[PDB]
Structures are given as structure tokens and as C-alpha cells.
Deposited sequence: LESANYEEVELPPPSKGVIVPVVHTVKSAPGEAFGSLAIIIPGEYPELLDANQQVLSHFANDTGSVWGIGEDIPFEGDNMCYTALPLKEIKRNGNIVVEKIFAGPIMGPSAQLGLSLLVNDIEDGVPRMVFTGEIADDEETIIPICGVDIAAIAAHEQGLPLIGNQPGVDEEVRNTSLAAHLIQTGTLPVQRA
């Protein structure tokens, strides 16, 4: 029910996580989605809990229900200030609403289906189609790209503007396994 008042907090590496861009004179930021329930680290405006399909877990900081199943865990989408070289994450509060629209779906599907440990060093943006695999282009890719690049990270998606174009979740999960630049 509360929002900690802090300026930033450095947390250890999450057991796993995924980075997504948030498009807000346009403004882009990054969110990292990590296991656990930390609504208290969020601005009150981001303290919105949305759910994966079929009672299979949820995510704080996400503004719309996720149209596929989760892996039965609770997650929190945290504003990502910086990731340290040792993998520590630095989180800050931002005055903004929760993640809206479908662009976080690529990262979220990976998180619950393909990512077991660690945080891919890359930013995923894109909507997941009804087959639950094909990646659909999203809005504001150019601003998503700037946000990723400001943190020295490649943008992964399925459209002009990304750094690495991948057609479906399996190809994205594979980039996870091989690396980029």
C-alpha cells in the first residue's frame, strides 16, 4: 500500500530478469522485470498489478493483462537506472503510469518460457501474436532504441529500428544463447 521514499537503490543481480523499453518531446526509459513483489519501490502511479492468462502469476508495474500464461510467479517491472558491471541493478522511481500497450509482451513471454537464470544483456520490444510466438511490430521503436542505447544495450524486436530483428520468440531466445553487438 506504500511507496518507499528513496532516490535510488542498488540491488543484487536478480535470479533472472528481462529488460524492456517504455515509451512515454517524447521520453524513453527501461524497465527490468524481475521475480518478486516490490510495489513499494514504485511510484504510486505504477502500483498496478496485472495478470498473465489463467491464474498463472502476475506483474506489478504492468498496466494491461498479459494474453498468455506465466510460470506461476509474481514479478515486478522496475525502472532501470543502470546495471553495474557486476550485474547489480540500480532502480529509481519515476513519475509515470504503468507499462501500457503490448510492447512488453516479447520480454514477458521470454521471461516465463525461455529465461531460466540471469538477465539477457539486451532490450526486447514487441507484441506477441495469437500463435503465441510471432512478434508484431510496436510503436515508438526509435525512442525505445534510444533508451536501450543510452545504457549500451542492443534493441531486439521484429521491425525496422531494432538492432537485431527476430521473427519469433524462439529466435529471440536463441539470441539470448549466442549474443549480439
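*Asks:* How would you write out the unmodelled ranges of the deposited sequence, numbered from 1?
*Replies:* No C-alpha coordinates exist for 25 to 31, 189 to 193.
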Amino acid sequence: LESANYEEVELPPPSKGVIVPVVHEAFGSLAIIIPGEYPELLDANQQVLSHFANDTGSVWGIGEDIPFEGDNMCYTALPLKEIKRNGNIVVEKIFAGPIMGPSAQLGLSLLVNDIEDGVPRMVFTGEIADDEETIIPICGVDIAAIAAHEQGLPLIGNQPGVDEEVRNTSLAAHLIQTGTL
From here on, numbers count along this sequence of modelled residues.
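*Asks:* Which has higher Cα B-factors on average according to the PDB entry: 6 to 14 or 161 to 169?
*Replies:* Comparing 161 to 169 with 6 to 14, the higher average CA B-factor belongs to 161 to 169.
*Asks:* Can you tell me which stretch has the higher mean Cα B-factor, 152 to 160 or 132 to 140?
*Replies:* Looking at the recorded C-alpha B-factors, 132 to 140 comes out higher on average.
*Asks:* Check the PDB entry and point out which of 69, 127, 40, 116 has the largest C-alpha temperature factor.
*Replies:* Within the set 69, 127, 40, 116, 69 shows the top C-alpha B-factor.
*Asks:* According to the deposited entry, which of 122, 34, 30, 26 has the largest Cα B-factor?
*Replies:* It is 26.
*Asks:* Taking the values exactly as deposited, rank residue 73 by C-alpha B-factor within its chain and report the matching third: lowest, middle or highest.
*Replies:* Residue 73: CA B-factor falls in the highest third of its chain.
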